[PDB]
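Following: one structure in C-alpha coordinates, then a few remarks.
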Amino acid sequence: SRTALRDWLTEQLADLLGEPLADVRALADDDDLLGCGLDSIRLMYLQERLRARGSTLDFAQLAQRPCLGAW
(Lines give C-alpha, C1' and ligand atoms only; values in the text may rest on other atoms or scores of the structure.)
Protein backbone atom coordinates (compact mmCIF):
# COMPACT_ATOMS: atom_id res chain seq x y z
CA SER A 1 0.00 0.00 0.00
CA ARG A 2 1.48 3.41 -1.06
CA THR A 3 -0.11 5.29 1.92
CA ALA A 4 1.42 2.92 4.53
CA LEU A 5 4.78 3.42 2.77
CA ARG A 6 4.12 7.23 3.04
CA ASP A 7 3.40 6.71 6.77
CA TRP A 8 6.84 5.04 7.17
CA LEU A 9 8.53 7.98 5.34
CA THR A 10 6.36 10.28 7.55
CA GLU A 11 7.71 8.54 10.67
CA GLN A 12 11.28 8.78 9.32
CA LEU A 13 11.02 12.49 8.38
CA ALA A 14 9.28 13.37 11.67
CA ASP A 15 12.14 11.62 13.53
CA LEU A 16 14.98 13.01 11.32
CA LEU A 17 13.75 16.64 10.97
CA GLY A 18 12.67 16.82 14.67
CA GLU A 19 8.98 17.41 13.69
CA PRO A 20 5.57 15.92 14.61
CA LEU A 21 4.28 13.30 12.09
CA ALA A 22 1.31 15.67 11.68
CA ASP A 23 3.68 18.38 10.32
CA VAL A 24 5.05 15.82 7.78
CA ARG A 25 1.45 14.77 6.91
CA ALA A 26 1.00 18.54 6.29
CA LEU A 27 3.18 18.13 3.13
CA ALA A 28 1.75 17.31 -0.28
CA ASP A 29 3.53 14.24 -1.79
CA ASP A 30 5.33 16.46 -4.37
CA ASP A 31 6.51 19.00 -1.71
CA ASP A 32 10.26 19.68 -1.62
CA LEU A 33 11.88 18.41 1.59
CA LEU A 34 14.95 20.63 1.11
CA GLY A 35 12.19 23.25 0.75
CA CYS A 36 11.05 21.98 4.22
CA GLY A 37 14.28 21.83 6.28
CA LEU A 38 15.82 18.47 5.18
CA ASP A 39 19.54 18.18 4.24
CA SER A 40 22.18 15.50 3.52
CA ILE A 41 23.15 14.87 7.19
CA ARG A 42 19.52 13.72 7.57
CA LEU A 43 19.10 12.17 4.06
CA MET A 44 22.07 9.80 4.67
CA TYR A 45 20.39 8.54 7.85
CA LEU A 46 17.18 8.08 5.81
CA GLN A 47 19.12 6.16 3.14
CA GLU A 48 20.44 3.82 5.89
CA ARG A 49 16.94 3.36 7.43
CA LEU A 50 15.60 2.58 3.92
CA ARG A 51 18.41 0.03 3.35
CA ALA A 52 17.69 -1.45 6.85
CA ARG A 53 13.97 -1.69 5.79
CA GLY A 54 15.35 -3.68 2.78
CA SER A 55 14.45 -0.67 0.53
CA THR A 56 18.01 -0.30 -0.89
CA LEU A 57 18.54 3.05 -2.70
CA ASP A 58 21.66 5.25 -3.10
CA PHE A 59 21.58 8.85 -1.79
CA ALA A 60 21.09 10.52 -5.24
CA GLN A 61 18.28 8.09 -6.18
CA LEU A 62 16.32 9.87 -3.43
CA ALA A 63 17.98 13.29 -3.52
CA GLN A 64 17.62 13.92 -7.33
CA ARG A 65 13.80 14.45 -6.87
CA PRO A 66 13.57 15.55 -3.21
CA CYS A 67 9.84 14.93 -2.58
CA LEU A 68 7.79 12.04 -1.20
CA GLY A 69 6.12 11.50 -4.63
CA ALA A 70 9.39 10.49 -6.33
CA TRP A 71 10.59 8.48 -3.30
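Residues are referred to by chain and number: the chain letter is A, B, ... according to the order shown in the C-alpha coordinates, the number counts from 1 in that chain, and ligands are numbered separately from 1 in the order shown.
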
Backbone DSSP call of alpha helix (DSSP H) for stretch 7-70 of chain A, listed as a PyMOL selection string: chain A and resi 7-17+21-25+40-52+59-63

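Contact shell of residue A:49 at 12 Å (only C-alpha atoms; same-chain neighbours under 4 positions omitted): residues 8, 9, 11, 12, 13, 15, 16, 42, 43, 44, 45, 53, 54, 55, 56, 57, 58 and 59 of chain A.
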
Got a sec: who's within 8 Å of residue A:67, counting only C-alpha atoms, leaving out chain neighbours fewer than 4 positions off, as a PyMOL selection string? chain A and resi 29-33+71
